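# Fold and contact review
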Amino acid sequence: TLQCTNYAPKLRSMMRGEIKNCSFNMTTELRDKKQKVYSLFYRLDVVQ
Amino acid sequence: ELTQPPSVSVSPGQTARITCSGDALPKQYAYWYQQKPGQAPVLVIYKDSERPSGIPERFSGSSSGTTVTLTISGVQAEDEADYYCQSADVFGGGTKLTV
Amino acid sequence: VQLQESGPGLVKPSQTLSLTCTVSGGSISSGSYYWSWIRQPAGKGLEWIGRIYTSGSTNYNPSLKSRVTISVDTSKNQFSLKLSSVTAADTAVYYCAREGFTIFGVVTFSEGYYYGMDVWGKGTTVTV
Amino acid sequence: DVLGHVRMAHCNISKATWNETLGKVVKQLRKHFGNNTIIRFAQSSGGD
Ligand SMILES: *[C@@H]1O[C@H](CO)[C@@H](O[C@@H]2O[C@H](CO)[C@@H](O[C@@H]3O[C@H](CO[C@H]4O[C@H](CO)[C@@H](O)[C@H](O)[C@@H]4O)[C@@H](O)[C@H](O[C@H]4O[C@H](CO)[C@@H](O)[C@H](O)[C@@H]4O[C@H]4O[C@H](CO)[C@@H](O)[C@H](O)[C@@H]4O)[C@@H]3O)[C@H](O)[C@H]2NC(C)=O)[C@H](O)[C@H]1NC(C)=O
Ligand SMILES: *[C@@H]1O[C@H](CO)[C@@H](O[C@@H]2O[C@H](CO)[C@@H](O)[C@H](O)[C@H]2NC(C)=O)[C@H](O)[C@H]1NC(C)=O
Ligand SMILES: *[C@@H]1O[C@H](CO)[C@@H](O)[C@H](O)[C@H]1NC(C)=O
Ligand SMILES: *[C@@H]1O[C@H](CO)[C@@H](O)[C@H](O)[C@H]1NC(C)=O
Ligand SMILES: *[C@@H]1O[C@H](CO)[C@@H](O)[C@H](O)[C@H]1NC(C)=O
């Protein structure tokens, strides 16, 4: 499960809402540890 | 859709903090103007804290969520003005700054 | 570019207004610019009236939508504002200004920020 | 992240060249199909 907002909400062009800024609770190289990761996805890569 | 304090006042040299808030702001850029009495308003800030060339370094600002702040560092007597902010639906309103 | 407003300095109550603005040293034709009017009652803050594209497309402030027509004369480089019957609440300064916009990318994709009024005139003061 | 400002990806085709190209395609379709008829080009019908 990924948590997201818009990358640049303050955009009035064709790209508004196209790039999303998402966060994860991601696996680290050690089995017992997690890391918080922020990354960008395109609208076409995700669904609600 | 924005609200503003009716006034702000500072002593010369202090930082004025003029704010605007409302529902459009998390999605839209704020723009700010400095209106001297008897004159058309002067744009001081655009696109959330960017300033036009010719505007003093005193003018800066920031925002979070629904609130935007126009900050004037080192406010001088020459800065007293009617300050306005806008976002859209397509305008806002303003605050009186005395020094 | 300078902007010079003109119109009646006096209108009767329950009487219409026609205001114009000359774009001096400039033109109304193309560019990223939009033309617009804003009202300022002498004791009040600003109220946006409306905007026009050089294409003729318009956007009016809902508060005055039923009362306002905006048009640009691109042969004269004169920006016009027509108001319906005017009352005491309209005793205000009417300003002419040019709103900016820039371009980063494709114009057809609207890739270009937005600026509010960058260039202002002096304002027509109308007694009602 | 994006080091600047967000823009939409796009492709540029010379308009006149494309028109000449279709004219050639239509002329050839007419050789075996529609000698005196109408050829209409349209966008795709749908799917992902
Ligand atoms: C497919 O075909 C389309 C044409 O139909 C073509 O679109 C064109 O894309 C280019 C991409 O750069 C657009 O170019 C931009 O145009 C604006 C317009 O400015 C006009 O007005 C000023 C006023 O003085 C004139 O000086 C200027 O010449 C123009 O008349 C320019 O302002 C843009 O300049 C910036 O980008 C340049 C890129 O190299 C920089 O060199 C330049 O310094 C500017 O960048 C600076 O400012 C940016 C923001 O302020 C900042 O982010 C930068 O870091 C830097 O500081 C630029 O020239 C052009 O208008 C498009 N035309 C249309 C009609 O949309 C597509 O590109 C084409 N596609 C393909 C695949 O080729
Ligand atoms: C695709 O990009 C190329 C450049 O890599 C464009 O080629 C240029 O076109 C102009 C048009 O007058 C010529 O003057 C240049 O000399 C061309 N450059 C080269 C390297 O040949 C080309 O036109 C572009 N194609 C499209 C469809 O826009
Ligand atoms: C990570 O797990 C914690 C556990 O409470 C949760 O609250 C948090 O929102 C998760 N973060 C992400 C980005 O999924
Ligand atoms: C494409 O060809 C048709 C043929 O009638 C012509 O009408 C049209 O204007 C052409 N378009 C261009 C870009 O030349
Ligand atoms: C097909 O079109 C060509 C166009 O010149 C014409 O000469 C030819 O006779 C046509 N064929 C038929 C069967 O009409």
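That block above? That's the structure.
Rules used throughout
- Residues numbered from 1 in each chain as written, not as in the entry; some residues may be left out.
- Chains lettered and ligands numbered in written order.
- Part of a larger assembly, values for the part shown.
- Heavy atoms only, no water.
- Pairing = 2+ DSSP bridges.
- Helix = DSSP H or I, 4+ residues; strand = E, 2+ residues; numbered from the N terminus.
- Axes fitted to C-alpha atoms, helices over the stretch in contact; angles between N-to-C directions.
- Salt bridge = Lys/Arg side-chain N within 4 Å of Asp/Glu carboxyl O.
- Buried < 20%, exposed > 50% of the residue type's maximum accessible area, 1.4 Å probe, protein only.
- Near = heavy atom within 4 Å.
- Polar contact = N/O pair within 3.5 Å; in protein donor to acceptor, adjacent residues only side chain to side chain.
- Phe/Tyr/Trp six-rings, centres within 6.5 Å; stacked < 30°, edge-to-face > 60°.
- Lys NZ or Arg CZ within 6 Å of the ring centre and 35° of its normal.
- Contact = heavy atoms within 4.5 Å.
- Buried area = accessible area lost by both parts, 1.4 Å probe.
- Nonpolar A, V, L, I, M, F, W, Y, C, P; charged D, E, K, R; others polar.

This part covers the sheet that holds strand β7 (residues 81–86) of chain B. All names here are of chain B. The five strands are arranged β1-β8-β7-β3-β4 in an open sheet whose pairing can be described as mixed. Because the sheet does not close on itself, it has two edges, and the strands there are β1 (7–9) and β4 (42–45). Each adjacent strand pair in this sheet contributes to an overall mean axis angle of 30 degrees, direction not counted. Note: strand β3 (residues 31–35) against β7, five bridges, orientation antiparallel. Along β7, the bridge assignment pairs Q34 with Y83.

The subject of this paragraph is the pattern of salt bridges. Summed over the entire model, instances satisfying the criterion amount to nine salt bridges over all chains. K33(A) is the salt-bridge partner of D32(A), the closest N and O atoms lying 2.5 Å from each other. Note that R39(C) and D90(C) form a salt bridge whose closest N and O atoms lie 2.7 Å from each other. Of this pair, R39(C) sits in strand β3 (residues 34–41) while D90(C) sits in the loop between β7 (78–86) and β8 (92–99), and the two are 51 residues apart along the sequence. On the basis of relative accessible area, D90(C) is assigned to the buried category, the value being 3%. Counted as one network, the salt bridges with shared partners bring together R39(C), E47(C), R67(C) and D90(C).

Taken together, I103(C), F104(C), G105(C), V106(C), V107(C), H10(D) and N12(D) make up all the residues around ligand 1. At the site occupied by ligand 1, nearby residues are drawn from chains C and D. At 3.1 Å from a nitrogen atom of ligand 1 is found a side-chain nitrogen or oxygen belonging to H10(D). A distance of 2.4 Å separates an oxygen atom of ligand 1 from a polar side-chain atom of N12(D).

Before going further, it helps to examine the packing of aromatic side chains. On inspection of all chains with the given rule, the structure shows 12 aromatic pairs over all chains. For the pair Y84(B) and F91(B), a centre-to-centre distance of 6.3 Å together with 45 degrees between the ring planes defines the contact as tilted. The exposure classification of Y84(B) matches that of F91(B), with both residues buried. With centroids separated by 4.9 Å and ring planes inclined at 40 degrees, the aromatic side chains of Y34(C) and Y53(C) adopt a geometry described as tilted. Placement of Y34(C) in strand β3 and of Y53(C) in the loop between β4 (47–52) and β5 (58–60) is noted, with a sequence separation of 19 residues between them. Residue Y34(C) is classed as buried on the basis of its relative accessible area, which comes to 17%. Following the ring pairs from residue to residue traces out a cluster consisting of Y46(B), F104(C), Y113(C) and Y115(C). For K47(B), the ring lying beneath its charged end belongs to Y113(C), and the centroid distance is 5.8 Å. The cationic tip of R51(C) hangs over the ring face of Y34(C); the distance from NZ or CZ to the ring centre is 5.7 Å.

This part covers the interface of chain D and chain C. On the chain C side, the residues contacting the four residues of chain D number six residues. Both faces combined, the contact of chain D with chain C buries some 480 Å², and carbon together with sulfur accounts for 66% of it. Among the residues chain D hides against chain C, the three largest losses belong to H5(D), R7(D) and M8(D). Together they make up 81% of the total. For the interface between chain D and chain C, the tally reads zero salt bridges. Across the contact surface, chain D and chain C share two residue pairs in polar contact. In the side of chain D that touches chain C, the residues fall into one nonpolar, two polar and one charged.

All right, on to the side chain of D90(C) then. Engagement of the side chain of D90(C) in a polar contact is seen with the backbone nitrogen of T87(C), the distance being 2.8 Å. Each residue touching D90(C), except ones within four places of it in the same chain, is listed here: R39(C), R67(C), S85(C), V126(C) and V128(C).

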